[PDB]
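A lone chain, given as C-alpha cells: the form deposited in one PDB entry.
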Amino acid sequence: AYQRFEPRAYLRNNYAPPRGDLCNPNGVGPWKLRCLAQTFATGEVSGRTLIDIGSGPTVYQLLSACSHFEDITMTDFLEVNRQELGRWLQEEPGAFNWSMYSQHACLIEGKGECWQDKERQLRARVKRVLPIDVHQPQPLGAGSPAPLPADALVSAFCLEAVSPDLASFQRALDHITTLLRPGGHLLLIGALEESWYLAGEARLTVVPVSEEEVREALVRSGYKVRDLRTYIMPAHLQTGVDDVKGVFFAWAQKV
C-alpha cells in the first residue's frame, strides 16, 4: 500500500502552497516549526544522538533539533524516500527546495542565524539514512549502524499513518520507545482525527486519534508528557488531499 507512495506528490500536497505557505503565521507549517523551536530553546532536550523515525522525504522536522545533537540518524520504510532525502543531503539535482522552511526556522529561533548556515549544519550532522519498520520490535534490526540507545527521538506523522487501529499505534510506539535511553526525549507530531491521506496513486489508511488518546498512549509506553498541544486545521487548509482535523505536538520524557 505504501508501495505506491509518491514522495513528490506527498511533498506537493503537504509542503507546497497552501499548506506550505509559510507567510501566514496562523498556518500549520509555522505552528509546527514553532513547537519544535520553543521546545529545543528550553535547553532540556540535549545530547549527542538523535533519531528521526519515518522521516519520509522531509527535513523540516530537524531544523531546530540539529544545533543540539551532533549525530543524527534519519530513517524511512521506503527506498524512494531515503533517496529523496539523500538527494537533498548531498545537494544533488532535483532535490526538494526546503529553503523557506530553513528561513522560517531561523526567523523563529531569533539568534540571527542565516538559513544557509542552518542547512549546512543539518547536512553535516546527519550521518546516515537507514531503513526502519516500526512494526518490528527491533525497528532498525540488530546490525544497526546507529548509536543506541539514542538521546532523543523525533517523529512526525508516522505512527498514526502506519497503524490500522489504536492498538497497533500503541505497539508501534512501544517499539520505537526501545531505541531511546531512559530520561531521553521523544518529540512527536501527528495528525488528529484523520482517516486517510493521498500520495499520488497511493491512498493510505490512517487511524483517527484524539489528543486524549495520544496522551494515554504515551503514558502506557512509559513516558511523562512534558507538553502536548493541538492545532485545529482551518477551512482554507482543507484541500482534498486528506481529512485531517488538526495536528498534535507532543514532548515526552522516558521515566
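Between two forms, the rigid core is defined as the largest C-alpha subset superposing within 1.5 Å. Note that residue numbering begins at 1 and tracks the sequence as displayed.
As for the form deposited in another entry, it is not shown, yet the points below apply to it.
Measuring CA movement between this form and the one not shown with the rigid core aligned, the set 189, 204, 41, 225 has one residue at 2 Å or more: 204. Relative to the superposed rigid core, residue 234 undergoes a CA displacement smaller than 2 Å between this form and the one not shown. Fitting the two forms on the rigid core leaves the C-alpha of residue 18 displaced by at least 2 angstroms between this form and the one not shown.
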